[PDB]
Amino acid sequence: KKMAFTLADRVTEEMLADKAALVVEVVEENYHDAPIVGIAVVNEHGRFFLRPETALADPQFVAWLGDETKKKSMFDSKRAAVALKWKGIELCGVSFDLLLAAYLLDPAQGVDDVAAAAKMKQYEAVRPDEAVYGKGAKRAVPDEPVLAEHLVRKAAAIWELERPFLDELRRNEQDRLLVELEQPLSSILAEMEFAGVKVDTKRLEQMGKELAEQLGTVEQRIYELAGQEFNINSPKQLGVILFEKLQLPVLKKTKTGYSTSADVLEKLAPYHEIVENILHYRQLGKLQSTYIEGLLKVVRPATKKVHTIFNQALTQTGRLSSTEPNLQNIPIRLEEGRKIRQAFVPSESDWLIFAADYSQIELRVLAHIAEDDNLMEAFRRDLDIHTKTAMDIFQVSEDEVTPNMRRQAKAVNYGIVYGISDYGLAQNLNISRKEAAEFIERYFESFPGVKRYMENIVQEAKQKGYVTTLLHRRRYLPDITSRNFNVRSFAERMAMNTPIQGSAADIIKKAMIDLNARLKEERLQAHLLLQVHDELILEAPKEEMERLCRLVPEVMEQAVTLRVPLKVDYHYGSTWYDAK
């Protein structure tokens, strides 16, 4: 605990070195158009601190940040780049991101600051962000001397830990995953974040108005059937109405009381018609509060755009998450909700929304990884397994399978491949638990390869302590040999799923890098807007639609090569809704 640094007045030559650690401190958790409160640099020549109004105005510093031959090591470089694009400054030459490096080494650590990453290497010369800035309503940037030291210490740490982290990544054969997949992707996400998505507020406000009219309607109806007023959005009061006043049977409890989950409500339908009305009310209430009122609170009024943050170092399987707003969970399943998408539009004049989508991506990953004959064959002829399961459950034929019921048989295929027990399956389809068992038992005799993959990956996880995905992403399962049935089972199901979801996650990540490449090389104006786990979303001038119909799917299928082919569905239209 003793460090020398220079609290600089101006940018000097010795700070513009070819290799350095860089800290562009942004305290606000949502970094979009957020204050940059301090800058630090560590290189061969020394340790420096700079005030932002100094460094960001000095054209030489800006030129050094923008030069990709001047290599930077950073912690969460997406935060920096974005907070810099809002200051009209471009960041280039990031060769090491400690955050991503740490997330690949172990997603469970849930690293959020340099101190926690340093924790993994015994490096103790840096304080965590909360012990410096404060918590919640106390969150305060301290006095400069304190601020400076801390930032310099963060650089110093990034500076000392680069090699160790890279050294460990090389042993696990995860170095190329960092440098060639994750890190390049970080910059792409920073663009999509900054470009934003344009929203039709006029339309959005009109719908919430209509939604309110329907909410009051359904609501009155609910009080009439119940013969009283209560708070529908209060599960405790609703529970009293349904199970105490109305006497409806209790199908399930939780640790705090009676259950009123959608699943329980659908099963209570024969007994009383208020349950269906509650379901419908809850549906509309969510649309209003989250997808109208939530969404309008985060639009930037001047440009009518929303800017989400794609949290890259958070999920345990390798997926991304989307926050403030979440644009990866916009309604589509029920026609009423699906309408919200009409308000998502192109940002320019004659531009359109292109939406490409992988077909059964996790079922193909399972096929490739488990090497199952009957499964690999079905895909080679181009059978639709969801449609092959739609019939099998809905007694129907291929000729009449509505999109609605290809989604309900979709969750059965996936459910089965991810350790759903017969209790789960029967409780999802309202069928006999004996019949549920039969389905599964048949499935594993029909696909013996998939069954043995399940047995094997659990065995391997017990022996190794972890599982891995195609591009060597890793998840550790320390609870895998727990004596407790519940604890053991949960980790076992993670040993089944992770390699699959994680692999689909790797693939679509790679597909984005190649797409971005194939875009800038062909000099097109088209650019990525969103990723929703297994689908990409772009906007482009009307003219470019021809190339994209050929380009986008070609890139997504050619990303990786598997023991089965990869298929992509695509559509375009003037609204994200019409892109169906």
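Sequential numbering from 1, following the sequence displayed.
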property	result
Check: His386 without coordinates in a third or more of other entries	yes
Unmodelled in at least a third of other entries of this protein, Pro403	yes
309-317 versus 117-125 - which carries the larger mean C-alpha B factor in the record	117-125
Per the entry, higher mean C-alpha B factor between 40-48 and 530-538	40-48
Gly93, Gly134, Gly294, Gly285, ranked by C-alpha B-factor: the highest one	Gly134
Identity of residue with top Cα B-factor, from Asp33, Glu28, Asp514, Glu546	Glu546
Within-chain third of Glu492 by Cα B-factor, per the entry	lowest
Third of the chain's Cα B-factor distribution that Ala437 belongs to, per the entry	highest
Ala108, C-alpha B-factor rank within chain (lowest, middle or highest third)	lowest
Chain-relative CA temperature factor third for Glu173	middle
Third of the chain's Cα B-factor distribution that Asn484 belongs to, per the entry	middle
